[PDB]
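**Student:**
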Amino acid sequence: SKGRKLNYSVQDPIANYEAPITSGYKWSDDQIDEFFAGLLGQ
Amino acid sequence: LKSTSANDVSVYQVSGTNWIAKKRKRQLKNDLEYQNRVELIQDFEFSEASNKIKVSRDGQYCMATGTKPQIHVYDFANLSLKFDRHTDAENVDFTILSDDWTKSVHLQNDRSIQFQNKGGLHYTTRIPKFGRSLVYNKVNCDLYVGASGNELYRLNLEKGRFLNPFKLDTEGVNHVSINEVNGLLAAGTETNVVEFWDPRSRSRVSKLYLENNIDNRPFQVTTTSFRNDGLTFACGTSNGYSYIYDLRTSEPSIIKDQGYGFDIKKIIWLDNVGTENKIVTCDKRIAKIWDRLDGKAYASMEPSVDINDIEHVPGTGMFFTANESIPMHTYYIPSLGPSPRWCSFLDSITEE
Amino acid sequence: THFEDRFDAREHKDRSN
Amino acid sequence: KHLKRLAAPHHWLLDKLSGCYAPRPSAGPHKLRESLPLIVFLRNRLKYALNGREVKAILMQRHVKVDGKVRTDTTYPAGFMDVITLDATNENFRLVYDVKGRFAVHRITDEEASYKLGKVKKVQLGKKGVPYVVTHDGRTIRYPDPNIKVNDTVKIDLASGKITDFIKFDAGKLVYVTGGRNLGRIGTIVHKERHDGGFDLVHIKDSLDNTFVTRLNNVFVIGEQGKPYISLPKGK
Amino acid sequence: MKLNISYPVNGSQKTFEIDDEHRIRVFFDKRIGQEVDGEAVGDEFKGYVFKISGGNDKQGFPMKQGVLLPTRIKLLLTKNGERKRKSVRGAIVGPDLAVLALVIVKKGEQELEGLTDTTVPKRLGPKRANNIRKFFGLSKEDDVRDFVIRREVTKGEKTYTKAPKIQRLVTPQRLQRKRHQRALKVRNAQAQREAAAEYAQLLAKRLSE
Amino acid sequence: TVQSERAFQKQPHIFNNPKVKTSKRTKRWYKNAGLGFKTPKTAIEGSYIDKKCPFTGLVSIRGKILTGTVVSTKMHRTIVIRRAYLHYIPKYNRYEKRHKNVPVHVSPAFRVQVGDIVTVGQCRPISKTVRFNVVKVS
Amino acid sequence: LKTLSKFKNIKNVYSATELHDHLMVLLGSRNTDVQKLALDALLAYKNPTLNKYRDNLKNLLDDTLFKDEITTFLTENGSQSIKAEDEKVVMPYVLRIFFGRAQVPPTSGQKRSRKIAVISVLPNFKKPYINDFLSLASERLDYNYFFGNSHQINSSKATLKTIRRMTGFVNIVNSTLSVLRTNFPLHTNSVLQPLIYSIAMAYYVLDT
Amino acid sequence: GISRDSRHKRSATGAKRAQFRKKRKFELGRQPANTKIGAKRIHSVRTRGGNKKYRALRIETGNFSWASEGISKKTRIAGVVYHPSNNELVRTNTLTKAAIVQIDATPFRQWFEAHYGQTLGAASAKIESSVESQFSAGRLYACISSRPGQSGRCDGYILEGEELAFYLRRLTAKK
RNA sequence: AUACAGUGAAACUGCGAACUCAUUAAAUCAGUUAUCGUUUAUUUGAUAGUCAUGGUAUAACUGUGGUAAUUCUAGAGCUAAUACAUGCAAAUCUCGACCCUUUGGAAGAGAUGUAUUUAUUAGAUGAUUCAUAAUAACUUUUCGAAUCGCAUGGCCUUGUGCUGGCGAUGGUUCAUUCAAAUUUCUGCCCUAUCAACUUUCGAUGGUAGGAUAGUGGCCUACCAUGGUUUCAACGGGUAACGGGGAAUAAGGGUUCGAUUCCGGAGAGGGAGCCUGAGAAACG
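Residue numbers (PDB author numbering), protein chains in the order written: chain JK, 459 to 500; chain JC, 3 to 20, 28 to 76, 78 to 362; chain JE, 222 to 238; chain DE, 7 to 242; chain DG, 1 to 80, 90 to 218; chain DL, 6 to 143; chain UT, 832 to 1039; chain DI, 2 to 122, 147 to 200.
(1) Taking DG/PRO70 as the reference, which of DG/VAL41, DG/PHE28, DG/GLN59 has the closest Cα?
(2) What are the residues of the region 331 to 362 of chain JC that lie near chain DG, defined by any Cβ-Cβ distance shorter than 9 angstroms?
(3) Smallest Cα separation from JC/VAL47: which of JC/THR247, JC/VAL115, JC/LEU89, JC/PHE236?
(4) With DSSP as the reference, label JC/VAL64 as helix, strand or coil.
(5) Would the region 471 to 484 of chain JK and the region 305 to 323 of chain JC be scored as touching if the rule is three or more Cβ pairs under 8 angstroms?
(6) So, does the CB of DL/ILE94 fall closer than 7 angstroms to a CB anywhere in chain DE?
(7) Check the Cβ of JC/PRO79 against every Cβ in chain DI and list those closer than 8 angstroms, keeping chain order.
(8) Using DSSP with H/G/I as helix, E/B as strand and the rest coil, what is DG/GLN65?
(9) In the DSSP output, which residue or residues are listed as bridge partners for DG/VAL157?
(10) Please identify, using Cβ separations under 7 angstroms, the residues of the region 83 to 100 of chain DI that lie next to chain JC, in order along the chain.
(11) Would you please verify whether the beta carbon of DE/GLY203 is less than 7 angstroms from any beta carbon of chain DL?
(12) Less than 7 angstroms between the C-beta atoms of DE/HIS69 and DE/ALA94, yes or no?
(13) Quick one: Cα of DE/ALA33 to Cα of DE/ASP143, how far?
(14) Report the neighbours of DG/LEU75 on chain JC: residues whose CB is nearer than 8 angstroms to its CB, in chain order.
(15) With 7 angstroms as the limit, tell me which residues of the region 33 to 63 of chain DI have their beta carbon closer than that to any beta carbon of chain UT; keep them in chain order.
(16) Quick one: list the residues of chain JK neighbouring JC/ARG258, beta-carbon separation under 9 angstroms, in chain order.
(17) Strictly under 7 angstroms for the Cβ-Cβ distance: is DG/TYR208 near chain DE by that measure?
(18) For JE/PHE228, tell me which candidate among DE/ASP215, DE/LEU9, DE/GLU40 has the shortest Cα-Cα distance.
(19) What does DI/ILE3 touch in chain JC if you count any residue whose Cβ is under 7 angstroms from its own?
(20) Closest Cβ-Cβ distance between DL/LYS29 and chain DE: below 7 angstroms?
(21) Around the C-beta of DE/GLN67, are 16 or more other C-beta atoms found within 10 angstroms, so that it is buried, or is it exposed?
(22) Return yes when the Cβ of JC/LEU257 is within less than 7 angstroms of the Cβ of JK/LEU497, no when it is not.
(23) With respect to the alpha helix (DSSP H) encompassing JK/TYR466, which residues constitute its N-terminal and C-terminal limits?
(24) Taking JC/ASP208 as the query, report the chain JK residues whose CB atoms sit under 9 angstroms from its CB, ordered along the chain.
(25) Any idea if DI/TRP67 is buried or exposed, counting beta-carbon neighbours within 10 angstroms, 16 or more meaning buried?
(26) Once you ignore the five residues that flank DI/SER176 on each side, which residues in its own chain have a CB closer than 7 angstroms to its CB?
(27) Can you tell me where the alpha helix (DSSP H) with JC/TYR251 in it begins and where it stops?
(28) May I have a chain-ordered list of the alpha helix (DSSP H) segments no shorter than 4 residues that lie completely inside the region 869 to 940 of chain UT?
(29) Can you give me the Cβ contacts of UT/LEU870 inside the same chain, cut-off strictly under 7 angstroms, excluding the 5 residues immediately before and after it?
(30) Mind listing which residues of the region 1008 to 1019 of chain UT have their C-beta closer than 9 angstroms to chain DI's C-betas, in chain order?
(31) Does any C-beta atom of chain DG lie closer than 7 angstroms to the C-beta of DE/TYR138?
(32) Given a cut-off of 7 angstroms on the beta-carbon distance, is the pair DL/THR72 and DL/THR31 in contact?
(33) Have a look at DI/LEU189 and DI/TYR166 and give me their C-alpha separation to the nearest angstrom.
(34) Please list the residues of the region 188 to 200 of chain DG that have a C-beta atom closer than 9 angstroms to any C-beta atom in chain DE, keeping them in chain order.
(35) Measure the Cβ-Cβ separation of JC/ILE343 and JC/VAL13 and say whether it is below 7 angstroms.
(36) What are the uninterrupted segments assigned as beta strand (DSSP E) that are 3 or more residues long and contained completely in the region 25 to 92 of chain DL, given in chain order?
Now the structure itself:
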């Protein structure tokens, strides 16, 4: 009612507020997944 | 100008604390020392207290939020207050999306999120549960809000839509940080554990359980801070302890106790400044700068009034602390790095 | 169920003309 | 704050051909609707002064004293049971409503002009435990007779502001009504009753035995049966 | 750059012009309130001790004490009240100043013409009696009425003398007013006492009845 | 249970001394409502705490006094009464009955069922739509 | 007193102990400016223990920060105001300052009624310091001669100013008794003898 | 800003009421006073009619009343332990009316050994076992009874009797 | 006029300064209440015992200058308050043993501002936790005349002592008046070729809080679940420049005049803020 539950609609003013950076992260994707797999010594 | 006493390192307080103002005006009228005074930024103050302060990546704008609840933008070019914007509630945490002051996201005390544009307030939404911390990820265009519940809320600003929140094992998130290199998300829960997430796969990468030999009482993770290499990571726990971890290993590299017993509100890595490998940990009594490898205390900044936040101007020696008093504290350490461009003439004052 | 209890200038004024 | 001549109340009985704007009564003892301004009293009624400038000249010259003291405001509100003393003529007037429902003067003598009747709207205990009564004109009188209650009439000396005598609200007492469709009527009350979903209603019998019913706050006890404390105009 | 040099004790002040930037350059990179010996400026100014007090830009903008800039900035200034955005030159002395205001603190040996040699009196004397007592060093017994400053103006052949009205002066009228206020509050206290007395005896009479 | 809510439910500015044992379980304050309505014995010896109760709370009855038949009692400490008044429609040339529904606060002292004629009185606004409080139950 | 404060070496100046005692008397004097100048003179004496807490004494002498300074200085559990070793040195100064505050005449204003709070801060103090405060209250009143001379009053010593001093002492004792109740320390030389002397003087003046 | 009007509210019948009047001054509302423990800051708000409202933003000490002994002493406020309205208020220590906060027991203690003369920790001098146990830890539970945003003061009364029993059982349920 | 004394520029101080564009049918408007649910510049009536006189900071005004220049400015020099800041035990009562001596004098025993916040304790009104009186405290906490002009007053103590009358402007609280805000019931078109509406800015209540001048889902937590209705809830059209006996009339027009309320918003356009008793200000 008073925003106590998540409403998964499209709010018009916030839509296209900014644009994503299409380059990606600093590290390469394979290195990122490799670091995530070995992270904290799993 | 007078320097606060640290061993072999000079820390100068440029702006700060040191009825009441009515007597102080009468004293300063007769006092020749207060007759000529240095004010870097005019009206760099809040009427009662200041919650948080941040410096834009563009470098010439500083946005702060205090208490009637308001947002002050200071233009470093004019050395004055650009504008003050009133809000319906106190701010818990805010971020700046744009390079300059134009676009910002403010998570307020009334379970709400407000979007400040340059023309004014643009949009207000409300999250299901009361929020504590806020962070923005650029490449996903995602806004992550840590709340009272176990869910970590995600709001995609590109599509303009609430997405599926991250389910966490323990309720309550005190701080969320994002490593800009890996994309990693770290959430510090109300227990000792810190949860590490990947935003792309939307999955739990890992879980780190902190242990403290000195203190037997349980503690809460309060601050999470990432470095620019992506390998190291700092945790601030309410017993007064800062832990430095290499992300590959599962044990801390070093543990530093501030010794006062209060929680850590902010951890800052000083990578941009010339003397590298330094880290700043802030409790409401004091902010300490020390070497990350050896844990040797480099400098200490201790206002008489409590600290609510601390921000470091990148590449320079100044620190803006938002405090509980009327003026915000500005601390200049010459030995770290040079004075900023907009206040280059402060070196003559320090020499005097 | 409610009584007005108001002075009426129209009732008081002469209207024979 | 300009009041229209047509918007002037019927109680004043102004001539509509006089001017475009009627006087607006100032703040004072009586409410604006049942007030009568001194400029209306002197100029349009008593015809002493022909226009507002010499009305201001008279009220400068302090011949007109309202309720003992001297008033210099032209639009000073003078209302019901008000004694106006013109010291140059030595004529004293008491303001009473007409049966048709308009203000009227009454020529009164000096020892009658020395006292004024007021309706006790409040009885309360002021600070330091000092009892006081608030009358209908707004007067606060300290230390009254303990028998005085709400809606009772008190006779007030003008020189001292002290209560000499008082009349209690009671059936079979000559009261006067000061509001509503029944305005301007003199009569002894039949009784008082409570109206369901309403207020206290007072049933009053006239001289010709006609019965008329009004609000409790509208009545004003001028005297007991057969002895009016004030003089009354001809026509009853 | 002109130098507006003022010496406050004399009250006599003068503007000097220095075409040579070399003599001016000692003033550079110093802020308002900083103190310069004049020996660097010139041989005649040796021994003179100047405090920088103010200055104006070539565009007429004043120098504001407090900001550490040699450039003009927009500041929120009181209108003299709601603050208004106005442009001010910074406190640090730079090359782009048209006039620099200097205040003499200590006098050198070689006298300067026009400001050190001559003196101007104050325009107005003290009105308040305690101010007159402080100025003339008077005891409490002496009266200030004969010791007031009397100014003479001539209008034609007739000569007129005027004196300031003494304010905060003890007068019998003031004593009468204070005594009258005291008597009024005592009279009101009395009147409330017999008001309570007559009320008490009236209540006692009703109790007896 | 009087203490069902998270906050402590007590009558304001009433203090029972823990030092001195009292014959009564708790000091209780009751006020005469006025308009000739007697204070009910349920309000006299009740244990309930109500702000909006005219006999045991800060709400005073003044203005109009109405009567109506109770329709619904689902909501907590509130009832909805229906008043049927005859209306004349000129175009219909005949009298036609009309009803108005008045949501009325009910004190816990009174026990009302559906279809009971109740007397209500005006008071300060209890809620968004409630301005009337029961004072007598028939 | 300003010149005595501006002296460079008051300790190296001669008669230092007598000057210090007269400075404490000037601190006990009721005038707030005199107390401020005496505190400046004692800071010029510059005992390290007093200089450690010199800010708190100035805050106590200041009227605006009086209550906030007094609460934080009195409550040892609230804040580490006075160290136990430093308590012995700094205690007479605080006692003299509180006595000078209590010597202020009664006035309907709460700022001058703050003497009641000054008296009410005494339960925080230890018993020897309360005894020292009572000794300061009994000071400037002579009773030894009366108790030596066979309990006989002296007509020459009898004066109006003696009655005013006795009345002030009795008022201070009444306030201290009210705030201390059963924990009040009653010493026969400090408090009991001057009270009996004041009662005897009142009887003698009434018999006159 | 903040308005307390009812024009935005739906009707009782459920009709969607549209607004035609701008927000006016007599319907105004100001921002809440989030009041924490700290060195005393009070913001003076001019209100209607020229009156003054004192906002407490930080309160360190306040007056608390022991009702049975009939005394009131100025004590420091340790922190909020319970609040009926919100739990995040307890989390961030926001002083509020009807908040249960801990105060220090020192002034009431010294008043006890002063007035009754027995060491705490005859029958009329005897007091409640729960408050005697609270005095040993030195923290007394108390309820704030003064609106701090509206008044500028944080007054309260010490919990006693069955109110204390209720709030202790709620504290043990929460913890 | 040997303090000023007439008239008075400037200045300080005080008071006032509360046309255009869009069309809503329980909304508005009209009455009718309520305010034991609120705020007050003014008016009016009440109301206050609890140093022969304190310290400044400036304007107007002198002067030295900067600018192309603004109701723009900086440096130095002046002095005033109804500006700003500061600040002062006696008297009145009750119980008066006893004395004579009845009115009476008196041994003595005792009492004594206001405001703010909270806890506790006892004259009105149909009715209160209201008025009022207490008790323990609390306050960035107040207020309890350092003011002005007309008179030169009456004593004797001729002290140059005592205190002497009419008026101004203040100031505390309460009442009144002026408003205002909410609130109550009563009333306005066509239509089912419009039967479900509300929780889709909370919808209906409860508890607590925040907020406000104040009641209130006004807002926020937590908790129940409700509230409105084919008797038409609800929706559409309405030319709603409309209607209101709102309005004076039509003093012999057949229904006509004249007046008043239109309802809202804006004062290059969004947003935030400020001053006041009163504005979300035509500043």
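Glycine is no exception: its CB is placed at the ideal position from the N, C-alpha and C atoms.
**Tutor:** Well, looking at it:
(1) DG/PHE28
(2) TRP352, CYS353, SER354, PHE355, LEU356, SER358, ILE359, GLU362
(3) JC/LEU89
(4) Strand at JC/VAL64.
(5) Inter-segment contact for the region 471 to 484 of chain JK and the region 305 to 323 of chain JC is absent: fewer than three beta-carbon pairs are separated by less than 8 angstroms.
(6) no
(7) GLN32
(8) coil
(9) Beta-bridge pairing links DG/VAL157 to no other residue.
(10) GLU89
(11) yes
(12) yes
(13) 12 angstroms
(14) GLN51, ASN88, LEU89, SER90
(15) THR62
(16) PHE493, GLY496, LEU497, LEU498, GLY499
(17) yes
(18) DE/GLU40
(19) Those are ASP98, listed as they occur along chain JC.
(20) no
(21) exposed
(22) yes
(23) Unbroken run through JK/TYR466: none, as it is neither H nor E.
(24) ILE490, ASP491, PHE494
(25) buried
(26) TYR55
(27) Counting along the chain, JC/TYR251 falls outside any alpha helix (DSSP H), though it belongs to the beta strand (DSSP E) covering 251 to 256.
(28) 879 to 883, 885 to 892, 897 to 905, 915 to 933
(29) These residues qualify, in order along the chain: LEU858, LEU888, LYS889, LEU892.
(30) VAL1010, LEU1011, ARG1012, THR1013, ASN1014, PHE1015
(31) no
(32) no
(33) 8 angstroms
(34) none
(35) yes
(36) 70 to 77
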